[PDB]
């Protein structure tokens, strides 16, 4: 390193930053780094990790997570590759293996400081910069519905034109570790406000004749910054709180559900990530009584519109019907579906990759999520025209 002082190997793992999470058991020799997934701040759920490793330029690092099989979704470690970045801007997949007990990342950093994460993060700064720009567009407003447990705003983005229209609600990231959900919203909003390569596209403009959009890009700001996977700062699973939200335990859902009730709703989408399945898929309310025949017709029609909007989207693989028959209407899409009788779907993207259309370098990532978001506006235009 040219200065006697820097010479030798001095590995340091740190994680005190937005979404950081790791427990370090041991970090002396680069081929013997021992870690544990830290887990959510007030819940036994554990899966999300995000940390910085410095001092390992050119050293082969073998990083073992000891409690991998004790995590929320151990199947999520099969055919999974961790993501890394030298600068927090560009993320790539690294060699990773799982033996049924432990996850091992085997990677040689090319520079002095590298970050590893379960998926491409999406920070509070990015969120605040994005909404702070989006609000300046003539068709956009940002409304603060309330505060999270730790005093972060619950922000609603309203996009539409002056006058009634169908009210389309899209909420994202109830599970704070599913950062793909906020990437997805970013892509969808960019297209709605006409930025970049969406500048001359007329879909948004047509949509505004039929609909107004009510979008929450981040349902769980506290859980995000805390580096949780599935819960808010109070330990609540926001997507089990739709029947009895609480001012102290789940204010995030309290204030949003109050808004949907006070405004109305004609199409609803809850954007999520799935740890296990390497596919993009949707889940509706067909496996529930009270599901009308015209609802089957619309839902079916929309699934076809979405297949036509994006090849990434598919309907062959997904979860079995009684996956959450027990939790019933505690889930957002099930609840909204029932209260409003409209098309109501959960959209789920992979932490691994789209096995149909894989990419060795990036797997599923922010850019692909953002493209899927932009593509879905096409499916909504079809749907709204057809009904």
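Positions refer to the first chain, counted from 1.
Unmodelled residues of the deposited sequence between residue 87 and residue 88: none, the chain being continuous. The stretch 281 to 289 shows the higher mean C-alpha B-factor when 281 to 289 is compared against 104 to 112 in the entry.
According to the PDB record, 290 to 298 carries the higher mean C-alpha B-factor of the two stretches 290 to 298 and 185 to 193. Note on the listed residues 256, 117, 164, 149: the highest Cα temperature factor in the record is that of 164. Sort the modelled residues of the chain by CA B factor and residue 155 lands in the lowest third. For residue 309, the recorded CA temperature factor ranks within the middle third of the chain's modelled residues. Residue 10: CA B factor lies in the highest third for its chain, per the PDB record.
When all modelled residues of the chain are sorted by CA temperature factor, residue 51 is found within the lowest third. For residue 126, the recorded CA temperature factor ranks within the lowest third of the chain's modelled residues.
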